[PDB]
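Derivation of every value follows stated rules applied to the coordinates shown; laboratory data play no part. Heads up, the Cβs are rebuilt from the backbone with ideal geometry, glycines too, and the neighbour counts pull from every protein chain shown.
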Amino acid sequence: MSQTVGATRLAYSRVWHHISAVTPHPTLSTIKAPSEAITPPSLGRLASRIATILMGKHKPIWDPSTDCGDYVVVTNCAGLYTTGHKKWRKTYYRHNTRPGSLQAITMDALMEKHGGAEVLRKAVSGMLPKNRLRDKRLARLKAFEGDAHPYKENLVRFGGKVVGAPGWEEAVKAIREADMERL
Amino acid sequence: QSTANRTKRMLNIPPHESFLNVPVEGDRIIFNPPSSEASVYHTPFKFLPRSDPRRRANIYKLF
Amino acid sequence: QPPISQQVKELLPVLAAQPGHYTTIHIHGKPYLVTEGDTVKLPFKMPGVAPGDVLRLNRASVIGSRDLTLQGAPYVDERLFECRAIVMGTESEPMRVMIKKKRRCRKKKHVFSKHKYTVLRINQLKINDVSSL
Amino acid sequence: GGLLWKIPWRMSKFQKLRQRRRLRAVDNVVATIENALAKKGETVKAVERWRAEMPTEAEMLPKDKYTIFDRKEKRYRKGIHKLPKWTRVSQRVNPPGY
Amino acid sequence: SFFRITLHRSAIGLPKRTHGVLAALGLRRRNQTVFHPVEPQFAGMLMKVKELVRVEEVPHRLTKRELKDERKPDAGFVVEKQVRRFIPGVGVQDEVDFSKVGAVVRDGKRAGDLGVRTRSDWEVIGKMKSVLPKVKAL
Amino acid sequence: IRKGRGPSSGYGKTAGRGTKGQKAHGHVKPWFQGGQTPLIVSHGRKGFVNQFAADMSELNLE
RNA sequence: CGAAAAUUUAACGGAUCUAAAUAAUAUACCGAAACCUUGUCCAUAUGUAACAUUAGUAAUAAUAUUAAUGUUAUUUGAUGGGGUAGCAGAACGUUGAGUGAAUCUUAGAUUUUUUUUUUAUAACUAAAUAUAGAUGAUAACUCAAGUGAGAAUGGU
RNA sequence: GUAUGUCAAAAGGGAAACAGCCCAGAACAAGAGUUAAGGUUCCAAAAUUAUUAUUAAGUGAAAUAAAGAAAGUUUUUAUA
RNA sequence: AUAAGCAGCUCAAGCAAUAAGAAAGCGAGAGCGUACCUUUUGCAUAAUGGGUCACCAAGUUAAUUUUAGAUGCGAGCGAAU
Ligand SMILES: [K+]
Ligand SMILES: [K+]
Ligand SMILES: [K+]
Ligand SMILES: [Mg+2]
Ligand SMILES: [Mg+2]
Ligand SMILES: [Mg+2]
Ligand SMILES: [Mg+2]
Ligand SMILES: [Mg+2]
Ligand SMILES: [Mg+2]
Ligand SMILES: [Mg+2]
Ligand SMILES: [Mg+2]
Ligand SMILES: [Mg+2]
Ligand SMILES: [Mg+2]
Ligand SMILES: [Mg+2]
Ligand SMILES: [Mg+2]
Ligand SMILES: [Mg+2]
Ligand SMILES: [Mg+2]
Ligand SMILES: [Mg+2]
Ligand SMILES: [Mg+2]
Ligand SMILES: [Mg+2]
Ligand SMILES: [Mg+2]
Ligand SMILES: [Mg+2]
Ligand SMILES: [Mg+2]
Ligand SMILES: [Mg+2]
Ligand SMILES: [Mg+2]
Ligand SMILES: [Mg+2]
Ligand SMILES: [Mg+2]
């Protein structure tokens, strides 16, 4: 029981993560060679990763009942990477229980009214548990079409270097070497 | 779930990767700096008296 | 006995010098991560013990501190640590009733279960000095 | 029929893998029983029949590991998983030609 | 040599004859291990249930008390100190410390025989009004 | 054996009678064999009982 | 491509997937009330020791033992564990009756509740409210039944 | 009708949901325990695990629609 | 008062005692779970029966003929004198 005794303030805090839908991802890409052929994370492979963060499942204290999820700011959703002809052949449906009122729309036609952010919210929404926390978690996914967003100051940092920045890894290893100078 | 045992399995979280690398045919001391905030009882080397022999280089420099 | 590794003989003083220490004792093969002063409630009635008996635990899987961690392949050597506990008595649970029933059958068979549990108290957990070994 | 017995016509790579290991485990039971008797200079009529008219997993074609003969099918072949107790039964040889 | 036969699967949906072959082998429940000599009569008995058991040659037969000792975990504790217990059929057992080593059990029909402090022993301790600890000890 | 006093007793609902038959609703005659003729009819009764014979009380020498 | 049906995408479970498809392979992991381990309950055997009761046989003025029954522990580290129709065994509870001209009760019997503990269809501890000396209650053993109800378009 | 099993009278895991199918026979608890069928990107416990080919149609991915057509594509065997 | 629970079970934040000590109860949130009985090969079935609660309400008695166990007597038993 001692493992849990302590200050759990920072274990439950909301971290503001960031990812660009255009930056190549060696881990979430199916093409891994050559270096120039690596593609960004596909729609479903990016949503599968985000849904894991919104559920807080990346934390060692995850519990499905506690809403220990985090925020995820997705940028460049206009350049959402998709394979095949999904952009023009995939269809989204709707019905309000009135016979004949079946609304259909393609991915590209849906990206003209509400942009690529709406296509990613539907992918993440289906990957989340269908319960009373689905709308709270999906609201923590802030997707934008370009590189601009109001959370450029919220993104988690480490020594002034935003995570995902060019030199963010060096700033982390420098802070841990200073923490070892103690009993 | 239906039973308290089935719930424990669904809510399982595996131990840290450092503990899985268990030695074989021998005992060893591995260095696992946790991703957590240290308490106040880990006095920094700057507050230790000059006489305290515990003053020593970082544990990383010992490996 | 098998000599202790040279790497363990040089880093154990650093492990025993840090503020806090924990251990993963193994009672009948099952692990229990405990610290000096913790109250372990075993899920069984240990036979042949009375409140006030001292037990010497000798099967430790992992003994570590914040930064360092000693791991024995099968188990950590007994000569390195010394963990003891005291039997705090026995405790019981409230009687729970299980009703085994099938649809369209009136017979309801009852199962009354009320198990006892042995409660321990870790009163000593220290790391020995192996300067001589 | 209106009663749904949802059984796919083909097996998955996970079922085919376990099938390979079951065909491989029965080969070790006959090899152990045969080698144990050979050391004593003995023989069993059932063990001599198996080694004579039954192949090993390393000698069977993929179509004999995941399929069986069925005269009611278009091409006289039927998924082996459509056999009763197919997991605890031996089936390795089909009629010649089919 | 012997056959170390272990029942890996069940026969809940196999013909009745398959149960007769498992009963003759002695495999009542799952993962149960039995030892039979290497003979044609036992060999052919395993060819009928070869899809359910795991066979293996062993030099000797393991007794019943030796088959269960290989799945038994180490207790992980050793009683080094005991308190005064009353055994129903043996009498009062005085406290013992195994670390400094003595199970002495005193029985009788009088309190003095049990070896415990009685009311008589408590009155002599109160009348020793002259006992005093050393000056340095205070 | 008190029948009709719950399921756990073992004789609760039908009291060991079965389910909706003639043996559960009413009574079956003892001499009834389903309609098939008994043997005492297909064969007939044999002999007569002597009502005039004396019933001696036997006594042996031993 | 052939391939068209009437509430709605409409037999990938869904999101989605260029494999997270398909074919031929390899390994690790997950995975049931299955199995294992540590304990518990119940049933049925095998010996031994001890505790209690009942009834016998001995001993005792200067306690031992035999048999039955109940119970706990222990030996073989004993064996066994779904269940309808149905069969069988062992118990509890309810009503009245005998021992009973008995036992207990203002130092609180009895109080349809609440609470507490015990392997627990039951009883028990305590608390609160009221106030009975017997037309009150009651253990234990035994006797006899108008003896146990979520089910009958049941009856009041 | 016959042969075998299950259901009936059998809970539990898998087959999205499921009397009869694949596993497995529930006395009660504990365990990142060991396994069967089955599975391991997310819903949802576990591989976005390795190797070699094919498909570009979301074909298909846990209920194979047919004959048949065709400079779709790949391989192999011939052949210029 | 953003939610689609045969209202129970598994996990469980939080609230709850003016005070030393002492947490019953209610429970957000996560998961599992389609009443009961009857009758049927098979029923959540849109098959039968019940508005709820309390009470009444169903293998009993007699004679006769058997079996088992226990026990009395015993080539006699029982009854009655
Ligand atoms: K009926
Ligand atoms: K499709
Ligand atoms: K009645
Ligand atoms: Mg249908
Ligand atoms: Mg019955
Ligand atoms: Mg009957
Ligand atoms: Mg009867
Ligand atoms: Mg009948
Ligand atoms: Mg679909
Ligand atoms: Mg079991
Ligand atoms: Mg069983
Ligand atoms: Mg009252
Ligand atoms: Mg009366
Ligand atoms: Mg009624
Ligand atoms: Mg059966
Ligand atoms: Mg029936
Ligand atoms: Mg079933
Ligand atoms: Mg599935
Ligand atoms: Mg595991
Ligand atoms: Mg997962
Ligand atoms: Mg609300
Ligand atoms: Mg019908
Ligand atoms: Mg109805
Ligand atoms: Mg009605
Ligand atoms: Mg009414
Ligand atoms: Mg009345
Ligand atoms: Mg009545």
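Side notes on the structure shown:
- Charge dipole of the protein assembly as shown about the Cα centre (unit charges at C-beta), most positive-ward option of C:83, B:12, F:9: F:9
- Sparse packing (at most 10 other Cβ atoms within 10 Å of the Cβ) combined with a DSSP loop state is found for the following trypsin sites (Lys or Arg not before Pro) in the stretch E:38-85: E:68, E:71.
- Within the protein assembly as shown, all pairs of alpha-carbon atoms sorted by distance into 10 Å bins from zero give the percentages 2, 8, 11, 13, 17, 18, 13, 7, 5, 3, 2, 1, 1, 0.
- Based on the Stokes-Einstein relation at 20 °C and a viscosity of 1.002 mPa s, and on the Kirkwood radius from alpha carbon pairs, chain C is assigned a translational diffusion coefficient of 123 µm²/s.
- With at most 15 neighbouring Cβ atoms within 10 Å, loop trypsin sites (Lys or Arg not before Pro) (DSSP) excluded, longest segment of chain D: D:41-70
- Based on the Kirkwood approach, the hydrodynamic radius assigned to the stretch F:15-62 is 16.2 Å, with every pair of different Cα atoms included.
- The ratio of the alpha-carbon radius of gyration of the stretch C:1-47 to the globular-protein estimate 2.2 N^0.38 Å is 1.58.
- Cleavage-rule hits (chymotrypsin sites (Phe, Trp or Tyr not before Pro)) in the stretch F:1-57: DSSP loop, at most 12 neighbouring Cβ within 10 angstrom: F:31, F:32, F:48, F:52
- Label-point separation, residue B:51 to residue A:154 (7 Å along Cα→Cβ), nm: 5.5 nm
- Whether the stretch C:73-117 is rounded, prolate or oblate, judged on the alpha carbon gyration tensor where a/c under 1.5 counts as rounded: oblate
- Counting only the Cα atoms, the stretch D:11-50 fills a convex hull of 48 Å³ per residue.
- Remark: chain A carries a charge dipole of roughly 840 debye about the Cα centre, counting +1 on each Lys and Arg Cβ and -1 on each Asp and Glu Cβ.
- Considered as an equivalent ellipsoid built on the Cα gyration tensor, the stretch C:37-84 has semi-axes of 25, 13, 11 Å, the largest given first.
- Calculated P(r) tail over 16 Å for chain B, as whole % of Cα pairs: 71 percent
- In the stretch E:87-138, the alpha-carbon atoms span a convex hull of 127 Å³ per residue.
- The convex hull around the C-alpha trace of chain E, projected and averaged over every direction, spans 17.9 square nanometres.
- Column: log10 I(q)/I(0), Debye, Cα scatterers of the stretch A:83-138, q = 0.12 Å⁻¹: -0.36
- Residues E:58, A:15 arranged by fewest to most Cβ contacts within 10 Å: E:58, A:15
- DSSP loop trypsin sites (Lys or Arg not before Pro) with at most 16 other Cβ within 10 Å excluded, longest remaining stretch of chain A: A:91-129
- A convex hull fitted around the alpha carbon atoms of chain D yields 121 Å³ per residue.
- Computed from the Cα positions only, the extents of the stretch E:52-118 along the three principal axes stand at 68, 26, 22 Å, in decreasing order.
- Every Cα-Cα pair in the stretch A:49-143 was counted, and those over 24 Å apart are 33% of them.
- When the P(r) of the stretch A:36-101 is calculated, the portion above 13 Å amounts to 75% of the C-alpha pairs.
- Scaled to the globular estimate 2.2 N^0.38 Å, the Cα spread of chain A, given as radius of gyration, is 1.21.
- Projecting the Cα atoms of C:57, C:12, C:70 onto the charge dipole of chain C, computed from C-beta unit charges around the Cα centre, puts C:57 farthest toward the positive end.
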